[PDB]
Amino acid sequence: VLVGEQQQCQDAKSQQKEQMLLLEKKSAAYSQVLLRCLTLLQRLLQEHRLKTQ
Amino acid sequence: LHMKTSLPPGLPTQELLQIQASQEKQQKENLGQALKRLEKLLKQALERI
């Protein structure tokens, strides 16, 4: 019973690292998507609307 | 540091707001009053018809 208790106790602490890395990498992926959106929107405003139009 | 160095080209969005405001307002001010004067001349032609 206490071996099972210790194993289930240590499982969450060993688990949490990979979700930390997962949220970190998806957080960086969000930054990449936002950078691409910023580039496309500045292309739409400056090149397509501000100067040419 | 990439987020501090991979900034998109041109002045940023919060500056781009007044940039586009100035460009669109000068684009409108150069042309809308000319359109109104053209329409005044055109309706003068309409009443001369």
# chains A, B, ... in the order shown; residues from 1 in each chain; ligands from 1

$ interface_residues --of "chain A" --to "chain B" --cutoff "8 Å" --atoms "only C-alpha atoms" --output "ChimeraX atom specification"
/A:31,35,38-39,42,45-46,50

$ atom_distance --atom1 "atom CA of residue B:25" --atom2 "atom CA of residue A:47"
16.7 Å

$ atom_distance --atom1 "atom CA of residue A:23" --atom2 "atom CA of residue B:2"
18.2 Å

$ atom_distance --atom1 "atom CA of residue A:44" --atom2 "atom CA of residue B:34"
27.0 Å
